[PDB]
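Listed below are the residues making up each chain.
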Amino acid sequence: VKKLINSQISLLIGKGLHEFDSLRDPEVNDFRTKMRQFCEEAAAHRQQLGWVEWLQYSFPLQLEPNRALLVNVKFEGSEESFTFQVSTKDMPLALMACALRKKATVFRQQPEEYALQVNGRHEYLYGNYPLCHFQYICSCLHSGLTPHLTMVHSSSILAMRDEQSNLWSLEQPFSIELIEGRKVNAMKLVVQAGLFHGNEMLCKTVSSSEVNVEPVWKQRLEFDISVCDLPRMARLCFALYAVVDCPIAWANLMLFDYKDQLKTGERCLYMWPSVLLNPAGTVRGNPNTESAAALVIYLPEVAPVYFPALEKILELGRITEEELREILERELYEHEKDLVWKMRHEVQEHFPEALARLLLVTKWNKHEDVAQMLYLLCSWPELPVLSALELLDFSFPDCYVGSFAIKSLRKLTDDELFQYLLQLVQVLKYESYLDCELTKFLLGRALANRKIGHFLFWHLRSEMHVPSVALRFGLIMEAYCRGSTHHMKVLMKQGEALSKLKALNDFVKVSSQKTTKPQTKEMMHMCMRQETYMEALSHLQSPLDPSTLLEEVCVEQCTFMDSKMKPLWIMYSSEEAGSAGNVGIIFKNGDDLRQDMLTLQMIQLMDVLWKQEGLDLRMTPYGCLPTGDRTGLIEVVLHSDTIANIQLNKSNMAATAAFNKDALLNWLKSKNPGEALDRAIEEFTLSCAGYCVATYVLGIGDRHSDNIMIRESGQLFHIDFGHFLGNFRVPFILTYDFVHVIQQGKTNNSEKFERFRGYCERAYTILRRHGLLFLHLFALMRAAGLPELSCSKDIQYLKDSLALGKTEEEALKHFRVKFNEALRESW
Ligand SMILES: Cc1csc2cc([C@H](C)Nc3ncnc(N)c3C#N)c(-c3ccccc3)c(=O)n12
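Determination of this PDB entry was carried out by X-ray crystallography to a resolution of 1.90 Å, according to the record.

Trainee: Describe the packing of aromatic side chains, and please don't skip the residues or the numbers.
Mentor: Counting across every chain of the model gives 24 aromatic pairs. Considering the side-chain rings of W54 and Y57, the 5.1 Å spacing of their centres and the 50° angle between planes classify their relative orientation as tilted. Of this pair, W54 and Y57 both sit in helix 4 (residues 51-58), three residues apart, roughly one helical turn. Between the aromatic rings of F256 and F307, the centroid separation amounts to 5.4 Å while the plane-to-plane angle is 80°, which identifies the pairing as edge-to-face. Owing to a relative accessible area of 6%, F256 belongs among the buried residues under this scheme.

Trainee: How would you summarise the nonpolar core if you had to cite specific residues and measurements?
Mentor: Core analysis: the biggest nonpolar cluster contains 228 residues, and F174, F223, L236 and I570 have the highest contact counts within it. For this core, the element with the most residues is helix 26 (residues 676-698), which contributes 14 residues. Counting the residues that make up this core, at least three belong to each of domain 1 (173-298) and domain 2 (310-490). With residues near it in sequence (within four places) discarded, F174 still touches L195, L221, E222, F223, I225, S226, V227, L230, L236, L255 and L299. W51, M96, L131 and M151 belong to the second-largest nonpolar core, a separate cluster that totals 37 residues.

Trainee: Break down the sheet that holds strand 25 (residues 640-642) for me, with residues and values.
Mentor: Spatially, the three strands line up as an open sheet ordered 25-26-27, and their pairing is antiparallel. Looking at strand neighbours, the two that pair on one side only are strand 25 and strand 27 (716-718), the edges of this open sheet. Across the sheet, the mean angle from the axis of one strand to that of its neighbour is 30°, orientation sign disregarded. Here strand 26 (residues 708-711) pairs with strand 27 via three bridges, running antiparallel. Looking across to strand 27, one finds that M709 is bridged to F717. Where helix 26 meets the sheet, its contacts fall on strand 26 and strand 27, and the angle it forms with strand 27 comes to roughly 25°.

Trainee: Can you explain the domain arrangement of the protein chain? Please cite residues and give values.
Mentor: Here the domain parsing of the protein chain yields domain 1 (173-298) and domain 2 (310-490). Listed as interface residues are 22 residues of domain 1 and, on the opposing side, 18 residues of domain 2. Interface area, domain 1 with domain 2, both sides summed: about 1800 Å², of which 62% is carbon and sulfur. The largest share of the area that domain 1 buries against domain 2 comes from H197, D229 and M233, three residues that together contribute 27% of it. Counting every contact that joins domain 1 to domain 2 gives seven residue pairs in polar contact. The residue inventory of the side of domain 1 that touches domain 2, partitioned by class, reads 13 nonpolar, four polar and five charged.

Trainee: Requested: an account of the environment of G701, with residues and values cited.
Mentor: Looking at the element boundaries, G701 is found in the loop between helix 26 and strand 26. Residues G701 and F724, 23 residues apart in the sequence, show an inter-C-alpha distance of 6.2 Å.

Trainee: Now, about the site of the ligand: what can you tell me, with residues and values included?
Mentor: Taken together, 18 residues surround the ligand, and among them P567, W569, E635, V637 and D641 come closest. Separating a nitrogen atom of the ligand from a backbone N or O atom of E635 is a distance of 2.8 Å. Contact between the ligand and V637: a nitrogen atom at 2.8 Å from a main-chain N or O atom of the residue. Starting from 600 Å² of accessible surface for the ligand in isolation, the protein chains cover 85%. Among the secondary structure elements, those contributing two or more residues to the shell around the ligand are strand 20 (559-560), strand 21 (568-574), strand 24 (631-635) and strand 25. The element best represented in the shell around the ligand is strand 25, accounting for three residues.

Conventions and cut-offs
- Residues numbered from 1 in each chain as written, not as in the entry; some residues may be left out.
- Heavy atoms only, no water.
- Residues with missing side-chain atoms left out of burial classes, pairs and counts.
- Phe/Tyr/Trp six-rings, centres within 6.5 Å; stacked < 30°, edge-to-face > 60°.
- Helix = DSSP H or I, 4+ residues; strand = E, 2+ residues; numbered from the N terminus.
- Buried < 20%, exposed > 50% of the residue type's maximum accessible area, 1.4 Å probe, protein only.
- Core = buried A, V, L, I, M, F, W, Y, C linked by side-chain atoms within 4.5 Å.
- Domains from an automatic or database assignment.
- Contact = heavy atoms within 4.5 Å.
- Pairing = 2+ DSSP bridges.
- Axes fitted to C-alpha atoms, helices over the stretch in contact; angles between N-to-C directions.
- Buried area = accessible area lost by both parts, 1.4 Å probe.
- Polar contact = N/O pair within 3.5 Å; in protein donor to acceptor, adjacent residues only side chain to side chain.
- Nonpolar A, V, L, I, M, F, W, Y, C, P; charged D, E, K, R; others polar.
- Near = heavy atom within 4 Å.
- Areas by Shrake-Rupley, 256 points an atom, 1.4 Å probe, with all protein chains shown as cover.

Here's what the structure looks like:
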């Protein structure tokens, strides 16, 4: 029933669908109807995909950014398996042919009709790629583990598909009437009002008269801009404050509605409390109408006037110094801005990637200059993904500009889209209207790729406790669910597990304040062994990675950290996945995990960029996902310990040492006996270089032995990223205990140590070349509202860390100075 689906969506998104209807908002109504149709169309297309296309939708290939290997292969309806010897260069089809030939000799009598499932995972190997190009195979080679695969027939894939079925004449100056305000404060009240096009003022800000602290102004506010010159995306921004400065509240609104109609007449603005003008703030009023200060205004009846259609703009806009033009096209002066604008045609024809620079010189407060700009924009060639990411910033607020950026981003691969998904979702917070090209783009890509769809859901769901985005995000999630009834239920199962983990964690938090850790742990186990917990916590797809299946919860192995927020350690097993099904999740409640996730995703991007240049620094890109209000999950890295635990140098252990500096190397020797030691020291060296460069570039501070871990393989990785971008200029960090392992436990080993410096330098030089990508992604991330990513000074930290203004030679000299200073500081 449509009624059952509505109650399921309401529970899933954390907001009743009845709340949307109660708003009596035609913009909400049209978004709902329009996006419902769009997502239902995509669902209809999905249910008729061919079986290979269904594999591409549900299990998109996990590929990496000659040698002999053994692979174990079984068929779906059998316990019997065959271990084959194949090559890393061999394709899945050859492996499937071997499997079918062996089955033919066992059962006594077409490879193209099959796909290879990774046992107990929603992950498949298919396509014309050598086995070593698959992430799963690549992972198996590095850990030494034997790949375990299942031959799955096209009819079984089709069965999965089927079961998952669903104007320019108005020359008068712009003016408003400030009628009256509301709510208490300590002084006089002043309303500051400015017209903005993104971060840029369209004219000077006008302030009304001072009135004593239900204030009544009934004052006319006149602006230094003609009504005809208001750009389509013009924002009227307000700041209510007190004066003897005391900030109280702010509110913004678009001057044109979602139907392009110029707004008239009376508007009640439910204001948001302050941390004066906030142009990047939402243009929707505070939903807490009970307690919020309100400002009533009047938009004079200029008479029904709409913004001119594209056909009108283009009609109007249709109507040796080349040297200095080039030198500034790779902050600028007035004569330089005039050069760019005069030669705008030369920008379009010979420097199309300089569109951003031309957009920034355009006079957005003059309709003639805007029409001239829009005329070139509508015939502008599509730009690279990198250029388009810059155009998504609040610095380019125009709707046509926004639409052009999306058009250039349509060529993003699913892998690239996934890499930038977090930032694209954040950009939604800058959107002026509910129905927009970004939302339609995201929803379309989410419905065409189940992994994208999973993370789009979680990035929206995890901010439902934020009133400024709850309506927009709730509406997007509802549209998504209309497009995928099956995935909605899959996501509901994840939500049921998370609700139980929150209840369990609250119980642990209370109990641990009264009894011992073994007693709270045994009480935790009794709670988990309740039928409703065993059921809710088992048989789900991991919110951290939908390809990871969390099958049977292993209660005996579950525990908690008897410190700070008391995070839970939840272990799982899967008889079908074998050793690969042994996975864990950390549930933590009380900390905002958004910065943690951003830091890990930036490190993961670094790893991708390094790997693209043939550099594998053996990183550990473990998952981190906010799921709710100060709630989220962390993927467990098994067979790892903290540096602090190893450094304790406890007795009656294989790691005990004569000197504390040897504890780490002795631990590595115990985990890697004989010939295996050399591979472990190399794993340590590579990862140490990766994380040294990563933490320096990102300005990750407060690094100690308690937030650095080591895998038994020798790989080093970081945890608990509470601080970044130097928000306590953090220098490069080198640790003597780590120098000791790199140097193979020798006091003097300049051969090994300088090979490590070379890894650092190469890693650093690679990231420098992609400096712009980091800058564009961090600029979009400013929309998130993270306290450590709030201004130009936070972005400046990255420019400085990557030394982007300098030449590669100058940058490497500067890096060598910082590395050498870190070497002297290391004892
Ligand atoms: C019980 C528990 C709940 S939460 C928690 C975290 C950690 C460590 C510090 N952190 C990570 N451990 C593995 N994978 C990760 N992704 C992280 C993180 N972040 C350990 C713990 C202590 C000592 C040795 C091995 C583990 C631990 O027992 N817990």
